[PDB]
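Chain letters run A, B, ... following the sequence lines, proteins first, then strands; residues in each count from 1. Heavy atoms only: backbone and side chains are in, while hydrogens, waters and symmetry mates are out.
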There are 2 protein chains.
Amino acid sequence: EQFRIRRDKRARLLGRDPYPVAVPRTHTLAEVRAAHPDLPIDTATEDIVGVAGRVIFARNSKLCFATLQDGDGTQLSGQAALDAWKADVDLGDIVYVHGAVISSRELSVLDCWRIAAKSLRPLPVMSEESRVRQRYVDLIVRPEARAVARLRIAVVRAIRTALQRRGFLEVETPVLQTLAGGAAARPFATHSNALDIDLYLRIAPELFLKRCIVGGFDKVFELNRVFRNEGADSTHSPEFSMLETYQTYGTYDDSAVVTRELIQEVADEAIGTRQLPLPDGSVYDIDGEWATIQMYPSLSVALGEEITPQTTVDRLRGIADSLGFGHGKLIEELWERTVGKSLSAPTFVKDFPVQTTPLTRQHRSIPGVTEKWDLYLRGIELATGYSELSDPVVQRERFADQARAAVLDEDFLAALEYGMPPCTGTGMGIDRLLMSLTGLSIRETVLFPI
Amino acid sequence: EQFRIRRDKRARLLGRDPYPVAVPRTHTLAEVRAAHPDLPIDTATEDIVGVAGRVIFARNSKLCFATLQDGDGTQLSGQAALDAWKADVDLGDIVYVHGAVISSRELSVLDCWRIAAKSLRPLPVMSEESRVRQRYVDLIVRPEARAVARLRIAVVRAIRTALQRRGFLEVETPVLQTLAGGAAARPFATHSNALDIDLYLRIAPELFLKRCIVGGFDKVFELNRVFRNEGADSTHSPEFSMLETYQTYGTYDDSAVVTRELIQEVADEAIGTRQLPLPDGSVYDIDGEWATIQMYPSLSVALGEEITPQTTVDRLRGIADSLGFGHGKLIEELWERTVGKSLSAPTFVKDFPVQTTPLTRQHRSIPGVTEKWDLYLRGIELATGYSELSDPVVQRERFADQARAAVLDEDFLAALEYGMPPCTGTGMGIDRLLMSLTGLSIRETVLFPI
Ligand SMILES: Nc1cc2c(c(F)n1)C(=O)N(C1CCCCC1)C2
Ligand SMILES: Nc1cc2c(c(F)n1)C(=O)N(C1CCCCC1)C2
Ligand SMILES: N[C@@H](CCCC[NH3+])C(=O)O
Ligand SMILES: N[C@@H](CCCC[NH3+])C(=O)O
C-alpha cells in the first residue's frame, strides 16, 4: 500500500526535482570517514562536504537524524527545509546533504539538502530465492551480499593479474560457433537472422584457444561465460564464468604447479589468508604443497585389487554392483564414488582413462592413460589440466569414437594438421573457485542468476 | 597432394615421437635475441639454449639452414641426425633444437634436435575471407595479423587498466536473460532444457549494470560480447565486444570527459601516439580537446532553418524528401545524412530527441531533448554517454511508448523504484574503437569472425 503514498510524493514534488540530473557530491562517506578517523566526539570541524546516501534509518525529532548508507555499506536541524525533510523523505530514498562534518554526543554531517532519488518502494526490513531474484535489494540490505559481490570481483581481478604477470595474453574467442566443442555438454542453439542457420553458444573456448597456439601464441587465457544446456545443481549452472589457459612447451605436470600458485595467489590477494574460514565454524588450509595421486592406483587401493587400463568393463561393472557404459566412465565413477568423496585436503588426481579424455595426449610412458589431471579443493571438482593432444590423426580418431557414440570439427582438425607445438591447457570454474574458497553456494557467487 | 606424403612421414616416424608430450625449451627466440643483440657476426658463444620454432624456410646443403620462426614472428650440421633432418623435416613443422648460439657469415643456433609437431599441411606461400576462416594460418604467415591480434589485446588491457585506475569495478552480468534490454536490436533466442523456456542472449548489460548502481555500486563496467541478431556490415557484426560504464553523481558532461581521456589513454598505451597513422597514407590527430555540438542547432545550421523538438514530422519529412517514421528518427537521420558525414575531427554530438532515447534522462533545462551524447571519431559512431533516467514512472512511460510501437521489464522498473542515484552511463564498441584507431576493417579486428 505504501507503494501508492510514495508515487504521490513523487507526483506532488514534480518544481522540486526528485530525480535530479546532477548533485555536486564532493566525497563518498568512506572518503569522509577515512578523512576524520578519530574526531573528538561532540565537536565541530569546518570541513564542508557535499555527501549523498541512502536514508536506511530516520529519527525525526527541531532536529531529524538519519543514516545515510553509501552503496558500499559505509555509514554517516530552513524551517521549510525541516518540513520538506519530514514530509518528503522516506526510507530507501537517496539524499544529498551539503554541510559541516561533526561527531554527535557517531560521525555526522550537519547547510543544504536535496532528494537525489525518491524510492517508490520501502526496503524489506529474505528467502534465498528472493535475495537472488532481487540482488539490488539484497545488496542494499545485506552487508554479506556487498562483500560477496566485491570478492568475486577481487578474485576475478587477482586471476587476470596472476596470469598477466606470467606473460599470458587474454584473447576473445567466438561465443557463437557453427558447432560448440572443447567439452562434453549439450549446447544452447540460437537461430541467426543474418546467415539463416542455427549457431551454438560456446561450451568451451578450448578448440579456439588451441587455434591461437597453432597461430603462434606462447601463452593465452580467456576468462568468460560458457553455456552448458544441462540441469543446474549446487556445483552446476548452465551459464557460468570459466578460466581456460594454454602454455606452449609445458605438460600437465607444469600446469598443475601454475594452477596451485594461481589459486594460492587469489586466496592471498582476494581473501588475505590461505587458512580459509568457512561458515562451518572450521578453517580449510590450502597453504603449502598439494597431494598428487594417480586415478588407477588410488582406485585400486580403495577397492583392494589391481585396476589398470586393461581391467574389463565386465569386471568394473561387477565391482560397481557390489558397492551400490564404458571403461573410462566406470573408472571415473568408481574413483569419484570411492577415493573422490573421501578427499579433504587439496588434491590433484592425474593419469586418466584415454576414453573419457578425447582432447588429452596419451601418457608419455603409461599405456592406456592420458596426461590429464583434476584438482579437488575442499571436495569440489575445481579445475582440470591436460598435456594437450597435438596429433591430428589420433585427434581425428578420438572424435570418430565420440561421434560413433557423423560430422567432426574439420577446421579444428585442419588447425592441428598445420602443427600445434606441445602445450598444456587448464580449465577452472570461477563459481566453484569461490564456493571452494568461501563455503558460499553457487547462487550466492554470481551477481544475477536464474 | 603433399597432404598424403606428410601423413606418411607421420606414420613412418611413429619409435620417433612427432607430437612429443614435452621438449625442454629453455628460451623463446625473442629471449635469445634480447640476450645477444650485437654478436660479432661469424663468431661462437658457449651460451647453450633449447629453442623451438616453426621451420618456415629450409636450405638443405653436410649442412642444412632453416628459419625457426617463434609464434610471435621472431626469427632465429649425427650423420643419421642430418639424414633424419632432410627426410623428416618439411615446412610449417615445429622443431626443437638444443645447441650453441652463434651468428653466421644472421643469429643462428648450431648439439641435438627433435620434431615438436609434424605439420600434415604446408603453409600457403590469401583472400580476406580465407584469412578470416583460417586465422591460425593468417597468424603464422602474415606479420600484420600477429600485430593486429596483439593490439586488440593491448587496447582491451589498456581499457581495464584505465577504468580500474579510476576506481571502476568490472562486474559479470547475465548473458542469458528472460528478456534482453539496454538497446534497440532483435535478440538471439535459445531454448533452455533446464527451465523449458526460450532465453535471450543479452543485447546490452545496461539494465543489469543499472541494478548494480541501485545495489550500491559507485562505479561499474563490463567489457564483454553482446548479441544483436541483425545484419553484419563494415561497422556492424551480430556478436561484438562492447564496453559499458556507469558512474554515480555524474552527468553526460562528466562521462564525455572520461570517454575522451580513456580513448586517448588507449591510443597511448596500445599505439604509442595520438597522431594515428592510417593505411590511407594519412595521420588522424585525436590529441587535445574534442568539439561538442548540439544535434538540433548543428542540424539547423546545415539545413538553413530552425529545427527544434517542436518541428513537426510533416516538416522534417519534407526536408528529408527535398534532400533525397517519427520525429526523433527523422532528426537523427537528417543529422547523420548532413552534419554526421561531414565530420572529420573527433566530435561529441549531444542533446538528443527524447523519442529515440528511452533510457536517457530528459535535459536539465532544454525541453524536448535528453542528456545523451554520441562520439564520432574518424567518422565512425564510436561511443554514446547518457545522464541516466532514474525516474521509474517516466521510465515506465518511455517503455510503454516503445511497446505500443505489451510486457515491460518490470524487474528493472522495480529496481529503479527502489531508487537509483543520479549516474551517467557510457557504451563503446571495441571493434569500432580499433577500426576508428587503425583504419582496419571490423573482420580484421576480431580474431575469429564469421
Ligand atoms: N554446468 C556447469 C558445468 C561446470 C561448472 C559449472 F559451474 N556449471 C564448472 O565449474 N565446471 C568445470 C569444473 C572443472 C574445470 C572446468 C570447469 C563445469
Ligand atoms: N551489430 C553491431 C552493433 C553495434 C556495434 C557493432 F560492432 N555491431 C557497435 O560498435 N555498436 C555501438 C556503437 C555506439 C556505442 C555502443 C556500441 C552497436
Ligand atoms: N575445455 C575444458 C577445460 C580446459 C582443459 C584443458 N584443455 C573443460 O571443458 O573443462
Ligand atoms: N546500452 C547502450 C550503451 C550504454 C549507454 C549508456 N546507458 C547501447 O546499447 O549502446
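Side chains of B:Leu120 and B:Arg10 form a contact here, defined as non-hydrogen atoms less than 4.5 Å apart. Looking only at side-chain heavy atoms (C-beta outward), B:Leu262 and B:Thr245 stay at 4.5 Å or farther from each other. Using a 4.5 Å cut-off on side-chain heavy atoms (C-beta onward), A:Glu261 and A:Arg166 make contact. Considering only heavy atoms from C-beta on, B:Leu163 stays 4.5 Å or farther from B:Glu170 through its side chain.
At distances below 3.5 Å, at least one donor-acceptor pair connects side-chain atoms of A:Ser436 with backbone N or O atoms of A:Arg432.
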May I have the step-by-step check of side chain to side chain contact (heavy atoms under 4.5 Å, CB included) for B:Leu68 and B:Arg54, ending in yes or no?
-> CA-CA 5 Å; B:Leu68 297 174; B:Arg54 187 149 245 156; over 6 Å; no
Evaluation steps, side chain to side chain contact (heavy atoms under 4.5 Å, CB included), between A:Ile263 and A:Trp290 = CA-CA 12 Å; A:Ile263 295 160; A:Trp290 299 346; 4.0 Å; yes
So A:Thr360 and A:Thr370, side-chain hydrogen bond (donor to acceptor under 3.5 Å, both in side chains) or not? Walk me through it.
-> CA-CA 6 Å; A:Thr360 322; A:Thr370 49; 4.6 Å; no
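Remark: A:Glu371 does not engage A:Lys350 in a salt bridge, criterion side-chain N to carboxylate O under 4.0 Å. A salt bridge links B:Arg225 to A:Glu222: at least one charged side-chain nitrogen sits closer than 4.0 Å to a carboxylate oxygen. Salt bridge A:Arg260/A:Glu265: absent, no basic N to carboxylate O contact under 4.0 Å. In summary, B:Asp72 and B:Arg146 do not engage in a salt bridge, as defined by a charged side-chain N under 4.0 Å from a carboxylate O. Ion pairing between a basic and an acidic side chain is recognised when a charged N comes within 4.0 Å of a carboxylate O; A:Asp253 and A:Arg364 show such pairing. Using a 4.0 Å cut-off between a side-chain N of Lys or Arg and a carboxylate O of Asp or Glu, A:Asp391 and A:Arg396 do not qualify as a salt bridge. The pair B:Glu444-B:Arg135 meets the salt-bridge criterion, since a charged nitrogen lies less than 4.0 angstrom from a carboxylate oxygen. Using a 4.0 Å cut-off between a side-chain N of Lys or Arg and a carboxylate O of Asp or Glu, B:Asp268 and B:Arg274 qualify as a salt bridge. Using a 4.0 Å cut-off between a side-chain N of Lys or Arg and a carboxylate O of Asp or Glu, B:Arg133 and B:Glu129 do not qualify as a salt bridge.
A donor and an acceptor atom, one from each side chain of A:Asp351 and A:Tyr252, are located under 3.5 Å apart. With no hydrogens or angles considered, no side-chain donor-acceptor pair links A:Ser390 and A:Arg361 at under 3.5 Å. Remark: the A:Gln247 side chain and the A:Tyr249 side chain contain no N/O donor-acceptor pair separated by less than 3.5 Å. Using a 3.5 Å distance cut-off with no hydrogens or angles, the side chains of A:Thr424 and A:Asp254 do not pair a donor with an acceptor.
Note: B:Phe448 and A:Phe208 meet the aromatic proximity criterion, with ring centroids under 6.0 Å apart.
Classified by interplanar angle (parallel below 30°, tilted 30° to 60°, perpendicular above 60°), the ring pair A:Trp373/A:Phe348 is perpendicular.
The shortest heavy-atom contact between A:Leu389 and A:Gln362 is CD1-OE1, 3.9 Å.
A:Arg202 contributes atom CZ, which lies 11.5 Å from atom CG of A:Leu207 (distance to the nearest 0.5 angstrom).
Residues meeting the side-chain contact (heavy atoms from CB on, under 4.5 Å) test with B:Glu106, sequence neighbours left out: B:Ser104.
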